[PDB]
file input_21.txt (compact mmCIF, C-alpha atoms and all ligand atoms)
# COMPACT_ATOMS: atom_id res chain seq x y z
CA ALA A 1 -5.01 14.03 22.03
CA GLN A 2 -7.46 12.62 19.45
CA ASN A 3 -7.57 8.83 18.84
CA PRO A 4 -5.05 7.98 21.60
CA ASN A 5 -5.52 4.20 21.12
CA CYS A 6 -4.55 4.61 17.41
CA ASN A 7 -7.64 2.89 16.04
CA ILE A 8 -8.32 2.77 12.33
CA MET A 9 -10.97 5.42 11.58
CA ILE A 10 -13.60 5.24 8.87
CA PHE A 11 -14.87 8.43 7.22
CA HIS A 12 -18.04 9.16 5.24
CA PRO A 13 -17.49 12.54 3.55
CA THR A 14 -20.44 14.28 1.97
CA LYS A 15 -20.27 15.30 -1.67
CA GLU A 16 -19.42 18.81 -0.57
CA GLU A 17 -16.62 17.61 1.71
CA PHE A 18 -15.28 15.47 -1.21
CA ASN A 19 -14.32 18.51 -3.25
CA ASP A 20 -11.18 19.59 -1.61
CA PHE A 21 -8.77 16.66 -1.13
CA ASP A 22 -6.12 18.42 0.91
CA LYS A 23 -8.68 19.93 3.24
CA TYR A 24 -10.26 16.53 3.93
CA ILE A 25 -6.88 14.88 4.71
CA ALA A 26 -6.21 17.67 7.17
CA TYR A 27 -9.69 17.17 8.68
CA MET A 28 -9.07 13.45 9.15
CA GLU A 29 -5.81 14.25 10.91
CA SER A 30 -7.61 16.78 13.16
CA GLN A 31 -9.64 13.81 14.34
CA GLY A 32 -6.50 11.71 15.01
CA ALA A 33 -6.80 9.41 11.98
CA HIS A 34 -3.09 9.37 11.29
CA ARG A 35 -2.32 7.88 14.65
CA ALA A 36 -3.49 4.49 13.31
CA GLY A 37 -1.29 4.66 10.20
CA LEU A 38 -4.28 3.86 7.99
CA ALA A 39 -7.82 5.25 7.44
CA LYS A 40 -10.75 4.18 5.30
CA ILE A 41 -12.75 6.71 3.26
CA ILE A 42 -16.15 5.68 1.90
CA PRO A 43 -17.02 8.05 -1.01
CA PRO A 44 -20.42 9.83 -1.04
CA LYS A 45 -23.13 7.88 -2.76
CA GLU A 46 -23.26 10.44 -5.62
CA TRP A 47 -19.63 9.73 -6.62
CA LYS A 48 -18.18 7.29 -9.07
CA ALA A 49 -14.65 6.62 -10.35
CA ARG A 50 -15.78 5.86 -13.90
CA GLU A 51 -18.97 4.62 -15.64
CA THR A 52 -18.17 0.92 -15.98
CA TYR A 53 -15.33 -1.59 -15.78
CA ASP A 54 -16.61 -3.52 -18.82
CA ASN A 55 -13.80 -2.50 -21.14
CA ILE A 56 -10.53 -3.19 -19.14
CA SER A 57 -9.66 -6.65 -20.42
CA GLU A 58 -7.12 -5.49 -22.94
CA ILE A 59 -4.85 -3.69 -20.45
CA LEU A 60 -1.48 -5.52 -20.50
CA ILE A 61 0.30 -6.84 -17.46
CA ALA A 62 3.80 -6.87 -19.03
CA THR A 63 5.49 -8.56 -16.11
CA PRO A 64 3.20 -10.59 -13.85
CA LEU A 65 4.99 -11.59 -10.66
CA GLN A 66 4.70 -15.06 -9.03
CA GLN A 67 5.11 -14.58 -5.32
CA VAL A 68 7.13 -17.51 -3.96
CA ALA A 69 7.38 -17.84 -0.16
CA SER A 70 10.13 -19.20 2.12
CA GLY A 71 9.94 -19.69 5.88
CA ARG A 72 7.16 -20.67 8.21
CA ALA A 73 3.47 -19.92 7.94
CA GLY A 74 3.56 -16.87 10.16
CA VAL A 75 7.10 -15.62 9.41
CA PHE A 76 8.16 -15.76 5.78
CA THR A 77 9.72 -13.90 2.92
CA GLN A 78 8.55 -13.79 -0.67
CA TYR A 79 10.46 -13.31 -3.90
CA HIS A 80 9.01 -12.29 -7.13
CA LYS A 81 9.49 -14.54 -10.14
CA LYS A 82 8.80 -12.80 -13.43
CA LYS A 83 6.23 -14.48 -15.74
CA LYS A 84 5.32 -13.93 -19.36
CA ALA A 85 3.02 -11.02 -20.24
CA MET A 86 -0.66 -11.39 -20.17
CA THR A 87 -3.75 -9.22 -20.59
CA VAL A 88 -6.11 -8.36 -17.72
CA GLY A 89 -8.70 -10.71 -19.35
CA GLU A 90 -6.19 -13.52 -19.37
CA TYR A 91 -5.16 -12.74 -15.75
CA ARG A 92 -8.78 -12.68 -14.60
CA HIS A 93 -9.34 -16.13 -16.11
CA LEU A 94 -6.22 -17.37 -14.37
CA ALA A 95 -7.28 -15.91 -11.01
CA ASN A 96 -10.68 -17.76 -11.38
CA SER A 97 -9.11 -21.09 -12.26
CA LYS A 98 -9.28 -24.02 -9.89
CA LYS A 99 -5.54 -23.66 -9.08
CA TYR A 100 -5.81 -19.97 -7.99
CA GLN A 101 -9.41 -19.21 -7.05
CA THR A 102 -10.56 -18.21 -3.56
CA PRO A 103 -11.67 -21.27 -1.55
CA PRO A 104 -15.04 -21.64 -0.01
CA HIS A 105 -15.25 -19.69 3.19
CA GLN A 106 -17.74 -18.42 5.79
CA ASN A 107 -16.77 -14.81 6.19
CA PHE A 108 -13.70 -12.53 6.06
CA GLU A 109 -12.38 -13.90 9.33
CA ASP A 110 -12.48 -17.50 8.11
CA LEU A 111 -10.71 -16.44 4.93
CA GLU A 112 -8.05 -14.60 6.97
CA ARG A 113 -7.45 -17.79 8.98
CA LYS A 114 -7.05 -19.76 5.79
CA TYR A 115 -4.62 -17.13 4.37
CA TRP A 116 -2.31 -17.33 7.31
CA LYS A 117 -2.49 -21.10 7.56
CA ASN A 118 -1.91 -21.82 3.93
CA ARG A 119 -0.32 -18.88 2.09
CA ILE A 120 3.22 -20.25 2.03
CA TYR A 121 2.15 -23.43 0.24
CA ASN A 122 1.02 -21.59 -2.85
CA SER A 123 2.58 -19.10 -5.25
CA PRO A 124 -0.07 -16.61 -6.48
CA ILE A 125 0.59 -14.29 -9.42
CA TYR A 126 0.28 -10.50 -8.82
CA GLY A 127 -0.04 -7.81 -11.60
CA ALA A 128 1.57 -5.08 -9.58
CA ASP A 129 3.00 -1.75 -10.17
CA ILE A 130 1.52 -1.00 -13.66
CA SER A 131 1.73 2.73 -14.55
CA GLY A 132 -1.75 3.94 -15.45
CA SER A 133 -5.18 5.01 -14.21
CA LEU A 134 -8.81 3.82 -14.33
CA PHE A 135 -10.32 7.11 -13.19
CA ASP A 136 -12.39 8.82 -15.88
CA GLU A 137 -10.90 12.15 -16.83
CA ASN A 138 -14.16 13.74 -16.01
CA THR A 139 -14.10 12.54 -12.37
CA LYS A 140 -13.13 15.68 -10.54
CA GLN A 141 -13.16 14.51 -6.92
CA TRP A 142 -10.49 12.12 -5.53
CA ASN A 143 -9.18 11.34 -8.96
CA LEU A 144 -5.78 9.72 -8.15
CA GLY A 145 -4.28 10.89 -11.46
CA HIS A 146 -5.13 14.59 -10.71
CA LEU A 147 -3.65 15.06 -7.32
CA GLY A 148 -1.16 17.81 -6.45
CA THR A 149 2.32 16.41 -7.03
CA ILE A 150 4.88 15.70 -4.33
CA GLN A 151 7.38 17.85 -6.25
CA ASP A 152 5.01 20.78 -6.10
CA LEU A 153 4.42 20.20 -2.38
CA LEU A 154 8.16 20.21 -1.68
CA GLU A 155 8.50 23.34 -3.72
CA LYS A 156 5.63 25.05 -1.95
CA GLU A 157 6.99 24.13 1.51
CA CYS A 158 10.65 24.53 1.05
CA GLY A 159 11.03 26.85 -1.97
CA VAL A 160 13.20 24.56 -4.12
CA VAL A 161 12.02 23.48 -7.55
CA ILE A 162 12.92 19.88 -8.38
CA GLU A 163 12.67 17.45 -11.30
CA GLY A 164 10.38 14.41 -11.17
CA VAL A 165 6.89 13.29 -11.73
CA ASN A 166 4.24 11.51 -9.61
CA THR A 167 1.78 9.13 -11.45
CA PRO A 168 -0.56 6.35 -10.27
CA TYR A 169 -0.12 2.63 -10.45
CA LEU A 170 -2.57 -0.22 -11.06
CA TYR A 171 -2.54 -3.53 -9.18
CA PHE A 172 -4.33 -6.61 -10.43
CA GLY A 173 -4.63 -9.22 -7.65
CA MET A 174 -5.82 -12.73 -6.97
CA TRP A 175 -6.37 -14.85 -3.91
CA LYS A 176 -3.33 -14.86 -1.64
CA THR A 177 -1.45 -12.10 -3.47
CA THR A 178 0.47 -10.38 -0.77
CA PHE A 179 1.95 -7.00 0.07
CA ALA A 180 4.84 -7.26 2.46
CA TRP A 181 5.44 -5.08 5.54
CA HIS A 182 6.61 -1.61 4.47
CA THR A 183 6.28 2.10 4.75
CA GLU A 184 6.14 4.22 1.61
CA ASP A 185 9.23 5.56 -0.17
CA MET A 186 10.54 8.50 1.84
CA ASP A 187 7.75 7.70 4.41
CA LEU A 188 5.19 9.40 2.10
CA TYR A 189 1.45 8.99 2.34
CA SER A 190 -0.31 6.61 0.01
CA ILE A 191 -3.87 6.46 -1.20
CA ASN A 192 -5.38 3.29 -2.63
CA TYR A 193 -8.74 2.91 -4.38
CA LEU A 194 -10.18 -0.57 -4.85
CA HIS A 195 -11.83 -0.22 -8.28
CA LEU A 196 -13.41 -3.63 -8.60
CA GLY A 197 -13.52 -7.18 -7.45
CA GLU A 198 -12.78 -8.95 -4.23
CA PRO A 199 -11.57 -7.35 -0.99
CA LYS A 200 -8.11 -6.48 0.31
CA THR A 201 -7.25 -7.06 3.99
CA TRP A 202 -4.80 -4.63 5.57
CA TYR A 203 -2.64 -4.75 8.70
CA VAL A 204 -1.04 -1.58 10.04
CA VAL A 205 1.28 -0.48 12.88
CA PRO A 206 0.74 3.01 14.36
CA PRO A 207 3.56 5.40 13.26
CA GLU A 208 4.46 6.08 16.85
CA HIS A 209 5.24 2.36 17.23
CA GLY A 210 6.97 1.65 13.96
CA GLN A 211 10.33 1.04 15.55
CA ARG A 212 8.78 -1.85 17.57
CA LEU A 213 7.96 -3.56 14.34
CA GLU A 214 11.48 -2.87 13.00
CA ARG A 215 13.06 -4.43 16.10
CA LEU A 216 10.91 -7.54 15.77
CA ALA A 217 11.72 -7.81 12.11
CA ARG A 218 15.45 -7.68 12.84
CA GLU A 219 14.97 -10.55 15.31
CA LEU A 220 12.87 -12.63 12.91
CA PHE A 221 14.93 -12.07 9.78
CA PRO A 222 18.42 -11.97 11.22
CA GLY A 223 20.41 -12.60 7.95
CA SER A 224 18.40 -9.93 6.12
CA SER A 225 19.01 -7.47 8.95
CA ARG A 226 22.79 -8.00 8.76
CA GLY A 227 22.59 -7.41 5.05
CA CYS A 228 20.83 -4.05 5.30
CA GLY A 229 20.00 -1.62 8.08
CA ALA A 230 16.62 -0.86 6.37
CA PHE A 231 15.75 -4.21 4.87
CA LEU A 232 11.99 -3.68 5.19
CA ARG A 233 12.52 -1.29 2.27
CA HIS A 234 13.02 -4.45 0.18
CA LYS A 235 9.34 -5.21 0.61
CA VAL A 236 9.72 -8.99 1.08
CA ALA A 237 8.96 -9.79 4.74
CA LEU A 238 5.70 -11.06 6.19
CA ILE A 239 4.77 -11.48 9.86
CA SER A 240 1.31 -12.71 10.82
CA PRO A 241 -1.09 -11.11 13.27
CA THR A 242 -0.62 -14.04 15.61
CA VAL A 243 3.15 -13.52 15.71
CA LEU A 244 2.71 -9.77 16.17
CA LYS A 245 0.34 -10.41 19.14
CA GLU A 246 2.79 -12.94 20.68
CA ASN A 247 5.45 -10.30 20.54
CA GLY A 248 3.36 -7.45 21.88
CA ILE A 249 3.47 -5.34 18.67
CA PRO A 250 0.64 -2.81 18.49
CA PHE A 251 -1.33 -3.18 15.24
CA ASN A 252 -4.79 -3.03 13.71
CA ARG A 253 -6.54 -4.70 10.82
CA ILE A 254 -9.33 -3.81 8.40
CA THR A 255 -10.80 -5.12 5.16
CA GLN A 256 -11.24 -2.76 2.17
CA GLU A 257 -14.01 -3.48 -0.28
CA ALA A 258 -14.58 -2.34 -3.84
CA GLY A 259 -15.50 1.32 -4.03
CA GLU A 260 -13.53 2.30 -0.95
CA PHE A 261 -10.36 4.35 -0.46
CA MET A 262 -7.60 3.66 2.03
CA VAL A 263 -5.00 6.25 3.05
CA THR A 264 -1.73 5.28 4.64
CA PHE A 265 0.01 7.93 6.71
CA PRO A 266 3.73 8.75 6.97
CA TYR A 267 5.69 5.98 8.65
CA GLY A 268 2.60 3.73 8.97
CA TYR A 269 3.90 0.22 8.34
CA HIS A 270 1.36 -1.88 6.45
CA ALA A 271 0.95 -5.33 4.90
CA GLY A 272 -1.95 -7.37 3.57
CA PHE A 273 -3.48 -9.68 1.06
CA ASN A 274 -6.13 -9.91 -1.64
CA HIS A 275 -9.21 -12.13 -1.30
CA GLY A 276 -9.65 -12.92 -4.99
CA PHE A 277 -9.48 -11.21 -8.39
CA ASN A 278 -9.38 -7.42 -7.97
CA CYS A 279 -7.99 -4.22 -9.30
CA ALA A 280 -6.63 -1.33 -7.17
CA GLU A 281 -5.06 2.02 -8.05
CA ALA A 282 -2.60 3.73 -5.74
CA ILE A 283 -0.29 6.72 -5.63
CA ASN A 284 1.96 8.46 -3.15
CA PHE A 285 1.27 12.00 -1.99
CA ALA A 286 2.57 14.55 0.50
CA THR A 287 1.23 17.27 2.79
CA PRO A 288 3.06 19.83 4.90
CA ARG A 289 3.09 17.40 7.78
CA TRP A 290 5.05 14.86 5.72
CA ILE A 291 8.17 17.03 5.38
CA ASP A 292 9.50 16.13 8.81
CA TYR A 293 8.98 12.44 8.13
CA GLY A 294 10.73 12.70 4.81
CA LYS A 295 13.77 14.24 6.44
CA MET A 296 14.01 11.36 8.93
CA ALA A 297 13.11 8.41 6.63
CA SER A 298 15.41 5.44 6.64
CA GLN A 299 17.04 4.44 3.63
CA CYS A 300 18.27 1.19 1.95
CA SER A 301 21.72 1.72 0.40
CA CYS A 302 22.59 -2.05 -0.12
CA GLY A 303 21.25 -2.06 -3.61
CA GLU A 304 18.17 -4.13 -3.15
CA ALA A 305 15.39 -1.54 -2.82
CA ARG A 306 15.90 0.17 -6.24
CA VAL A 307 13.25 2.90 -6.75
CA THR A 308 11.88 5.51 -9.08
CA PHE A 309 13.52 8.42 -10.70
CA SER A 310 11.72 10.92 -8.55
CA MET A 311 13.19 9.72 -5.22
CA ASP A 312 16.54 11.16 -6.12
CA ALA A 313 15.51 14.75 -5.53
CA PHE A 314 13.73 13.89 -2.26
CA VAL A 315 16.91 12.37 -0.83
CA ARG A 316 19.11 15.08 -2.30
CA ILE A 317 17.17 17.95 -0.80
CA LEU A 318 15.81 16.46 2.42
CA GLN A 319 18.71 14.15 3.32
CA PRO A 320 21.92 15.61 1.82
CA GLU A 321 24.18 13.77 4.30
CA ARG A 322 22.75 10.40 3.18
CA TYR A 323 22.59 11.23 -0.53
CA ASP A 324 26.02 10.00 -1.73
CA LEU A 325 25.65 6.61 -0.01
CA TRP A 326 22.09 6.15 -1.12
CA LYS A 327 22.92 7.06 -4.74
CA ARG A 328 25.74 4.48 -4.77
CA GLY A 329 23.05 1.91 -3.83
CA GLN A 330 20.99 3.07 -6.79
CA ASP A 331 24.02 2.47 -9.18
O1 LIG A 401 -2.37 -2.95 -2.83
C1 LIG A 401 -1.17 -3.33 -2.71
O2 LIG A 401 -0.65 -4.42 -3.19
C2 LIG A 401 -0.16 -2.55 -1.96
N1 LIG A 401 -0.60 -1.16 -1.73
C3 LIG A 401 0.00 -0.34 -0.92
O3 LIG A 401 1.02 -0.70 -0.20
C4 LIG A 401 -0.46 1.06 -0.80
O4 LIG A 401 -1.47 1.46 -1.39
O5 LIG A 401 0.28 1.78 -0.09
MG MG A 402 -8.98 -2.84 -22.22
NI NI A 403 2.06 0.84 0.59
ZN ZN A 404 18.81 -2.82 1.46
call {"tool": "encode", "arguments": {"input": "input_21.txt", "output": "structure tokens", "more": "lines below"}}
Ligand SMILES: O=C(O)CNC(=O)C(=O)O
Ligand SMILES: [Mg+2]
Ligand code: NI
Ligand SMILES: [Zn+2]
result
Amino acid sequence: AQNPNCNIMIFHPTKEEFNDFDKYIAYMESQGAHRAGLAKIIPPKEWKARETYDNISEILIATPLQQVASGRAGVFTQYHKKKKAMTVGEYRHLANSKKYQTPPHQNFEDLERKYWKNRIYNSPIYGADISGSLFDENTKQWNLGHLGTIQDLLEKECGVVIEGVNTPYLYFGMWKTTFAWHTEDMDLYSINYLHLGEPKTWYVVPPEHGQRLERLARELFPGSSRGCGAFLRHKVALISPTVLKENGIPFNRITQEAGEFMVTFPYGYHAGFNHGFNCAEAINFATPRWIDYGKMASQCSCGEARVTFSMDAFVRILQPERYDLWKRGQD
């Protein structure tokens, strides 16, 4: 079995290997990359996402989200308070202000220590989930707006044509902006490209151990767990590496830098934080190997998770027994 300790693998494809996206994902899996739940892909030196980032300041963040924490430093939830619209240039200035800027630090590990010590005492503002793309249309390789769609994959595998679309999303971050522990909708893959700015640190639980994280989460967030049998779908719970280690949960960590891709694999729980002002692009995708994960994915039906239009067909076709309850939660 390849990668039996479920380590995060880092790949350096050549320009030739960067042509065929699907083929390269399957190659990474042949080497056991998916066992970790997360892989890093460093693009060939010949590649670029676009020419420059000099002209992005006028993008609008219609609904910036202030991420307010509750709990203890290593075990907390966050809720998202909506703020007034602002442009990316305005958000960048805000991120760099004395109130929000990255503190002085020695290295990534010192900054990680400071994150976990101090995160709850601040409320950073995240420009998340903005439909759009920063890839140039002429970028042919690993262009996250030109991937094969999940609806086409389901149709190719299973023969059923379905409605829905699959487009990328932009994320503008600042110091301490946080992504809570989650797997993707329908336990899909994700791919995330860090276009510019400061790093993003990731934590990940191997897919084969995801239920260990779920059991811990039920223990640590006992009211939330009574509320919903899949409350991690709400994307609000944080557990620190120290708490995971105290509780014996297998996990790994890695820091993504600008110019790098990360892929999350089906049922790979992940969480993390941004080091300072940055911009990422991410999208979900599927492969043949996903179908079995999609059929088994948990679902939130309590009403909290509320998701895209295109999840309807995935539930309807892959999980017809669950569909009526889930759809009630959507309405
Ligand atoms: O970058 C973020 O805030 C969160 N991203 C992801 O969870 C992802 O790409 O799957
Ligand atoms: Mg602009
Ligand atoms: Ni994710
Ligand atoms: Zn729920």
call {"tool": "atom_distance", "arguments": {"input": "input_21.txt", "atom1": "CA of residue 261 (chain A)", "atom2": "CA of residue 209 (chain A)"}}
result
23.7 Å
call {"tool": "atom_distance", "arguments": {"input": "input_21.txt", "atom1": "CA of residue 317 (chain A)", "atom2": "CA of residue 267 (chain A)"}}
result
19.1 Å
call {"tool": "closest_residue", "arguments": {"input": "input_21.txt", "among": "A:220, A:302, A:313, A:318", "to": "ligand ZN 404 (chain A)", "atoms": "all atoms listed in the file"}}
result
A:302
call {"tool": "residues_near_ligand", "arguments": {"input": "input_21.txt", "ligand": "ligand ZN 404 (chain A)", "cutoff": "7 Å", "atoms": "all atoms listed in the file", "output": "PyMOL selection string"}}
result
chain A and resi 227-231+233-234+300-305
call {"tool": "residues_near_ligand", "arguments": {"input": "input_21.txt", "ligand": "ligand LIG 401 (chain A)", "cutoff": "9 Å", "atoms": "all atoms listed in the file", "output": "PDB file with C-alpha atoms, keeping the file's coordinate frame"}}
result
ATOM      1  CA  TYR A 126       0.280 -10.500  -8.820  1.00  0.00           C
ATOM      2  CA  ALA A 128       1.570  -5.080  -9.580  1.00  0.00           C
ATOM      3  CA  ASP A 129       3.000  -1.750 -10.170  1.00  0.00           C
ATOM      4  CA  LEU A 170      -2.570  -0.220 -11.060  1.00  0.00           C
ATOM      5  CA  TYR A 171      -2.540  -3.530  -9.180  1.00  0.00           C
ATOM      6  CA  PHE A 172      -4.330  -6.610 -10.430  1.00  0.00           C
ATOM      7  CA  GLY A 173      -4.630  -9.220  -7.650  1.00  0.00           C
ATOM      8  CA  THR A 177      -1.450 -12.100  -3.470  1.00  0.00           C
ATOM      9  CA  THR A 178       0.470 -10.380  -0.770  1.00  0.00           C
ATOM     10  CA  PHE A 179       1.950  -7.000   0.070  1.00  0.00           C
ATOM     11  CA  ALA A 180       4.840  -7.260   2.460  1.00  0.00           C
ATOM     12  CA  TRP A 181       5.440  -5.080   5.540  1.00  0.00           C
ATOM     13  CA  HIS A 182       6.610  -1.610   4.470  1.00  0.00           C
ATOM     14  CA  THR A 183       6.280   2.100   4.750  1.00  0.00           C
ATOM     15  CA  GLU A 184       6.140   4.220   1.610  1.00  0.00           C
ATOM     16  CA  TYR A 189       1.450   8.990   2.340  1.00  0.00           C
ATOM     17  CA  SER A 190      -0.310   6.610   0.010  1.00  0.00           C
ATOM     18  CA  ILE A 191      -3.870   6.460  -1.200  1.00  0.00           C
ATOM     19  CA  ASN A 192      -5.380   3.290  -2.630  1.00  0.00           C
ATOM     20  CA  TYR A 193      -8.740   2.910  -4.380  1.00  0.00           C
ATOM     21  CA  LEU A 194     -10.180  -0.570  -4.850  1.00  0.00           C
ATOM     22  CA  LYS A 200      -8.110  -6.480   0.310  1.00  0.00           C
ATOM     23  CA  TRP A 202      -4.800  -4.630   5.570  1.00  0.00           C
ATOM     24  CA  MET A 262      -7.600   3.660   2.030  1.00  0.00           C
ATOM     25  CA  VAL A 263      -5.000   6.250   3.050  1.00  0.00           C
ATOM     26  CA  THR A 264      -1.730   5.280   4.640  1.00  0.00           C
ATOM     27  CA  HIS A 270       1.360  -1.880   6.450  1.00  0.00           C
ATOM     28  CA  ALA A 271       0.950  -5.330   4.900  1.00  0.00           C
ATOM     29  CA  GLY A 272      -1.950  -7.370   3.570  1.00  0.00           C
ATOM     30  CA  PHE A 273      -3.480  -9.680   1.060  1.00  0.00           C
ATOM     31  CA  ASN A 274      -6.130  -9.910  -1.640  1.00  0.00           C
ATOM     32  CA  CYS A 279      -7.990  -4.220  -9.300  1.00  0.00           C
ATOM     33  CA  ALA A 280      -6.630  -1.330  -7.170  1.00  0.00           C
ATOM     34  CA  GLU A 281      -5.060   2.020  -8.050  1.00  0.00           C
ATOM     35  CA  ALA A 282      -2.600   3.730  -5.740  1.00  0.00           C
ATOM     36  CA  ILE A 283      -0.290   6.720  -5.630  1.00  0.00           C
ATOM     37  CA  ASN A 284       1.960   8.460  -3.150  1.00  0.00           C
TER      38      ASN A 284
END
call {"tool": "closest_residue", "arguments": {"input": "input_21.txt", "among": "A:11, A:275, A:212, A:222", "to": "residue 244 (chain A)", "atoms": "all atoms listed in the file"}}
result
A:212
call {"tool": "closest_residue", "arguments": {"input": "input_21.txt", "among": "A:151, A:240, A:141, A:57", "to": "ligand MG 402 (chain A)", "atoms": "only C-alpha atoms and all ligand atoms"}}
result
A:57
call {"tool": "residues_around", "arguments": {"input": "input_21.txt", "residues": "residue 96 (chain A)", "least_positions_apart": "6", "cutoff": "10 Å", "atoms": "all atoms listed in the file", "output": "ChimeraX atom specification"}}
result
/A:102,174-175,276-277
call {"tool": "atom_distance", "arguments": {"input": "input_21.txt", "atom1": "CA of residue 44 (chain A)", "atom2": "CA of residue 25 (chain A)"}}
result
15.6 Å
call {"tool": "closest_residue", "arguments": {"input": "input_21.txt", "among": "A:7, A:53, A:59, A:85", "to": "residue 203 (chain A)", "atoms": "all atoms listed in the file"}}
result
A:7
call {"tool": "residues_around", "arguments": {"input": "input_21.txt", "residues": "region 29-33 of chain A", "least_positions_apart": "6", "cutoff": "9 Å", "atoms": "all atoms listed in the file", "output": "list in words"}}
result
residues 1, 2, 3, 4, 6, 7, 8, 9, 10, 39 and 265 of chain A
call {"tool": "closest_residue", "arguments": {"input": "input_21.txt", "among": "A:322, A:187, A:199, A:260", "to": "residue 285 (chain A)", "atoms": "all atoms listed in the file"}}
result
A:187
call {"tool": "residues_near_ligand", "arguments": {"input": "input_21.txt", "ligand": "ligand MG 402 (chain A)", "cutoff": "9 Å", "atoms": "only C-alpha atoms and all ligand atoms", "output": "list in words"}}
result
residues 54, 55, 56, 57, 58, 59, 60, 87, 88 and 89 of chain A
call {"tool": "closest_residue", "arguments": {"input": "input_21.txt", "among": "A:278, A:149, A:319, A:298", "to": "residue 211 (chain A)", "atoms": "only C-alpha atoms"}}
result
A:298
call {"tool": "residues_around", "arguments": {"input": "input_21.txt", "residues": "residue 166 (chain A)", "least_positions_apart": "3", "cutoff": "12 Å", "atoms": "only C-alpha atoms", "output": "MDAnalysis selection string"}}
result
chainID A and resid 131:132 144:153 163 169 188 190 282:286 308:311
call {"tool": "residues_around", "arguments": {"input": "input_21.txt", "residues": "residue 143 (chain A)", "least_positions_apart": "3", "cutoff": "10 Å", "atoms": "all atoms listed in the file", "output": "PyMOL selection string"}}
result
chain A and resi 21+48-50+133-140+146-147+193
call {"tool": "write_last_selection", "arguments": {"input": "input_21.txt", "atoms": "C-alpha atoms", "output": "PDB file, keeping the file's coordinate frame"}}
result
ATOM      1  CA  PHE A  21      -8.770  16.660  -1.130  1.00  0.00           C
ATOM      2  CA  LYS A  48     -18.180   7.290  -9.070  1.00  0.00           C
ATOM      3  CA  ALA A  49     -14.650   6.620 -10.350  1.00  0.00           C
ATOM      4  CA  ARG A  50     -15.780   5.860 -13.900  1.00  0.00           C
ATOM      5  CA  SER A 133      -5.180   5.010 -14.210  1.00  0.00           C
ATOM      6  CA  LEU A 134      -8.810   3.820 -14.330  1.00  0.00           C
ATOM      7  CA  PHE A 135     -10.320   7.110 -13.190  1.00  0.00           C
ATOM      8  CA  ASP A 136     -12.390   8.820 -15.880  1.00  0.00           C
ATOM      9  CA  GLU A 137     -10.900  12.150 -16.830  1.00  0.00           C
ATOM     10  CA  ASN A 138     -14.160  13.740 -16.010  1.00  0.00           C
ATOM     11  CA  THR A 139     -14.100  12.540 -12.370  1.00  0.00           C
ATOM     12  CA  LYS A 140     -13.130  15.680 -10.540  1.00  0.00           C
ATOM     13  CA  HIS A 146      -5.130  14.590 -10.710  1.00  0.00           C
ATOM     14  CA  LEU A 147      -3.650  15.060  -7.320  1.00  0.00           C
ATOM     15  CA  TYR A 193      -8.740   2.910  -4.380  1.00  0.00           C
TER      16      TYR A 193
END
call {"tool": "residues_around", "arguments": {"input": "input_21.txt", "residues": "region 69-78 of chain A", "least_positions_apart": "3", "cutoff": "10 Å", "atoms": "all atoms listed in the file", "output": "ChimeraX atom specification"}}
result
/A:66,81,115-124,178-180,217,220-221,235-244
call {"tool": "decode", "arguments": {"input": "input_21.txt", "residues": "region 293-326 of chain A", "atoms": "C-alpha atoms", "output": "PDB file, in the first residue's frame"}}
result
ATOM      1  CA  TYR A 293     -17.715   8.712  -1.328  1.00  0.00           C
ATOM      2  CA  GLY A 294     -20.571  10.764  -2.669  1.00  0.00           C
ATOM      3  CA  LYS A 295     -22.987   7.917  -2.105  1.00  0.00           C
ATOM      4  CA  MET A 296     -21.916   7.599   1.548  1.00  0.00           C
ATOM      5  CA  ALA A 297     -21.511  11.322   2.445  1.00  0.00           C
ATOM      6  CA  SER A 298     -23.227  12.542   5.560  1.00  0.00           C
ATOM      7  CA  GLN A 299     -25.678  15.118   5.350  1.00  0.00           C
ATOM      8  CA  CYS A 300     -26.974  18.054   7.496  1.00  0.00           C
ATOM      9  CA  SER A 301     -30.790  18.200   7.382  1.00  0.00           C
ATOM     10  CA  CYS A 302     -31.261  20.616  10.413  1.00  0.00           C
ATOM     11  CA  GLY A 303     -31.291  23.641   8.215  1.00  0.00           C
ATOM     12  CA  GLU A 304     -28.002  25.174   9.128  1.00  0.00           C
ATOM     13  CA  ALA A 305     -25.678  24.014   6.336  1.00  0.00           C
ATOM     14  CA  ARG A 306     -27.626  25.575   3.389  1.00  0.00           C
ATOM     15  CA  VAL A 307     -25.740  24.964   0.104  1.00  0.00           C
ATOM     16  CA  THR A 308     -25.678  25.557  -3.602  1.00  0.00           C
ATOM     17  CA  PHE A 309     -28.174  24.762  -6.231  1.00  0.00           C
ATOM     18  CA  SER A 310     -26.077  22.022  -7.717  1.00  0.00           C
ATOM     19  CA  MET A 311     -26.065  19.800  -4.589  1.00  0.00           C
ATOM     20  CA  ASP A 312     -29.671  18.918  -5.135  1.00  0.00           C
ATOM     21  CA  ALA A 313     -29.001  16.588  -8.033  1.00  0.00           C
ATOM     22  CA  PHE A 314     -26.060  14.929  -6.255  1.00  0.00           C
ATOM     23  CA  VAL A 315     -28.265  13.996  -3.299  1.00  0.00           C
ATOM     24  CA  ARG A 316     -31.197  13.086  -5.513  1.00  0.00           C
ATOM     25  CA  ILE A 317     -29.254  10.660  -7.670  1.00  0.00           C
ATOM     26  CA  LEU A 318     -26.633   9.315  -5.272  1.00  0.00           C
ATOM     27  CA  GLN A 319     -28.666   9.319  -2.042  1.00  0.00           C
ATOM     28  CA  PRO A 320     -32.360   8.933  -2.945  1.00  0.00           C
ATOM     29  CA  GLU A 321     -33.299   7.572   0.501  1.00  0.00           C
ATOM     30  CA  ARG A 322     -31.925  10.730   2.178  1.00  0.00           C
ATOM     31  CA  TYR A 323     -33.238  13.179  -0.422  1.00  0.00           C
ATOM     32  CA  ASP A 324     -36.660  14.078   1.040  1.00  0.00           C
ATOM     33  CA  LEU A 325     -35.238  14.793   4.511  1.00  0.00           C
ATOM     34  CA  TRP A 326     -32.294  16.718   3.182  1.00  0.00           C
TER      35      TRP A 326
END
